[PDB]
Amino acid sequence: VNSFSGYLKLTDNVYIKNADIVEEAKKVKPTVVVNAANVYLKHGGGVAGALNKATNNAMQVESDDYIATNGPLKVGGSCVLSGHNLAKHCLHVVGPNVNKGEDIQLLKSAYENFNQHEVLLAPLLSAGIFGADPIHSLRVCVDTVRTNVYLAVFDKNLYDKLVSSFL
Ligand SMILES: CNc1ccc(NS(=O)(=O)c2cc3cccc(C)c3s2)cn1
């Protein structure tokens with residue numbers, strides 16, 4: 001039993017809610033919140049910008065130190081950093097950005113990072129301003145992640161579209 005509430009059950013381990021992932025993190029304070037990052041951990045917009053703004057830019061400061069030490073992530077890769085005021089940890093996961101011309105087959109590799117954590121709050125990777133089809137992202141999620149994932153979808157109309165088309 002965990003403190004996630006109001007989520008619609010999609011499968012054995014995947015649950016979904018029409019919610020702001022930032023507001024859900026502040027309420028639940030989960031062990032792991034997933035950020036939809038880029039390889040440089042530049043959290044300017046989208047989920048990343050929203051999470052980072054909610055940390056008062058502390059996420060960006062920590063991320064810049066991480067990159068200065070380790071260099072960029074791989075597309076499909078991840079790193080664990082602090083969750084600041086939002087969660088114990090933030091798992092920064094790089095899904096392919098179709099608008100940048102990156103390989104969509106890397107979406108499965110990106111979701112595999114979730115399997116290293118028992119319970120996560122997460123967005124649909126590569127969706128939104130990353131340019132992939134969210135119906136596809138949800139399918140890859142359900143077919144790849146085996147741990148317990150609580151998906152937050154900001155767009156009300158997309159949430160309804162995702163539920164009603166889910167096989
Ligand atoms: C197509 N139009 C549209 C509008 C709103 C949303 N919302 S969302 O699924 O929470 C969401 C936003 C976002 C922003 C950056 C990166 C990611 C991975 C995500 S994922 C989705 N799609």
Side-chain angles (χ1 to χ4, degrees), residues 4-11 14-28 30 32-55 57 59-60 63 72-81 83-84 86-87 89-115 117 120-145 147 149-167:
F4 294 99
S5 75
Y7 285 74
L8 183 63
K9 182 174 184 64
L10 297 180
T11 66
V14 181
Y15 286 74
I16 193 164
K17 189 179 176 184
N18 178 197
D20 188 319
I21 190 176
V22 175
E23 294 312 318
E24 286 293 316
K26 290 199 273 197
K27 185 72 174 175
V28 175
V32 178
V33 66
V34 173
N35 181 32
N38 56 59
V39 299
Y40 308 108
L41 303 179
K42 286 308 177 199
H43 310 303
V47 166
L51 291 170
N52 178 48
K53 179 180 175 185
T55 75
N57 210 52
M59 178 180 284
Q60 189 64 68
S63 294
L73 295 185
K74 301 170 181 178
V75 180
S78 69
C79 67
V80 180
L81 290 175
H84 302 275
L86 301 177
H89 301 289
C90 179
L91 180 69
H92 296 272
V93 179
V94 186
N97 188 325
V98 186
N99 298 324
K100 294 178 182 174
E102 297 164 357
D103 185 4
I104 201 57
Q105 306 297 325
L106 292 168
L107 186 54
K108 188 173 183 74
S109 300
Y111 274 116
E112 287 171 342
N113 294 285
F114 288 26
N115 289 322
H117 303 276
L120 314 89
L121 172 62
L124 289 167
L125 299 174
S126 296
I129 67 173
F130 277 65
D133 172 19
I135 298 175
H136 178 63
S137 182
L138 177 56
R139 188 74 258 164
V140 177
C141 181
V142 161
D143 293 341
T144 304
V145 181
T147 55
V149 54
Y150 289 85
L151 293 168
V153 176
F154 185 85
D155 194 72
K156 139 95 180 221
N157 287 322
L158 174 59
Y159 175 77
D160 289 334
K161 179 187 185 186
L162 285 168
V163 173
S164 70
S165 64
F166 183 81
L167 178 49

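Each ligand, and each atom within it, is numbered from 1 in the order the structure gives. Residue numbers count from 1 along this sequence. Both backbone and side-chain heavy atoms feed into the values below; hydrogens, waters and symmetry mates do not.
With rounding to the nearest 0.5 angstrom, the CG atom of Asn57 is 10.0 Å from the CE atom of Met59. Distance CG/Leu120 to CG/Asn113: 10.0 Å, rounded to 0.5 Å. In this structure, NE2 in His92 is found 8.0 Å from CG in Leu51, a value given to the nearest 0.5 Å. Note that CD1 of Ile21 is 4.5 Å distant from CG of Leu121, once rounded to the nearest 0.5 Å. Atom SG in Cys141 sits 6.5 Å away from atom CG in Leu124 (nearest 0.5 Å).
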Output, in order, the C-alpha distance, side-chain angles, deciding distance and verdict of side chain to side chain contact (heavy atoms under 4.5 Å, CB included) for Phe166 and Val14. CA-CA 12 Å; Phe166 183 81; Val14 181; over 6 Å; no
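By the 30° and 60° cut-offs, the orientation of the rings of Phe4 relative to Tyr150 is parallel.
Nearest protein heavy-atom neighbour of atom 11 (C) of ligand 1: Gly128 CA, 4.4 Å. The protein heavy-atom contact nearest to atom 6 (C) of ligand 1 is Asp155 CB, 3.7 Å.
Of all atoms in ligand 1, numbered sequentially from 1 with element shown, those under 4.0 Å from a heavy atom of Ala36 are 18 (C). Listed by number with element, the atoms of ligand 1 under 4.0 angstrom from any heavy atom of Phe154 are 7 (N), 8 (S), 10 (O). The atoms of ligand 1 that sit less than 4.0 Å from any heavy atom of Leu158 are 9 (O), 21 (C), 22 (N). Heavy-atom proximity to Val153, at under 4.0 Å, picks out these atoms of ligand 1: 9 (O), 10 (O). Within the listing of ligand 1, atoms 14 (C), 15 (C) sit less than 4.0 angstrom from a heavy atom of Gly46. With ligand atoms numbered from 1 in the order given, ligand 1 contributes 16 (C) to contacts under 4.0 Å with heavy atoms of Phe130.
Distances shorter than 4.0 angstrom occur between a heavy atom of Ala127 and an atom of ligand 1.
Protein heavy atoms are absent from the 4.0 Å sphere centred on atom 2 (N) of ligand 1. Protein heavy atoms are found inside the 4.0 Å sphere centred on atom 16 (C) of ligand 1.
Distances from atom 18 (C) of ligand 1 to the heavy atoms of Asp20, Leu124, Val47, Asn38 show the closest one on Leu124.
Within the 4.5 Å cutoff, side-chain heavy atoms of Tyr111 are placed close to those of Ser137.
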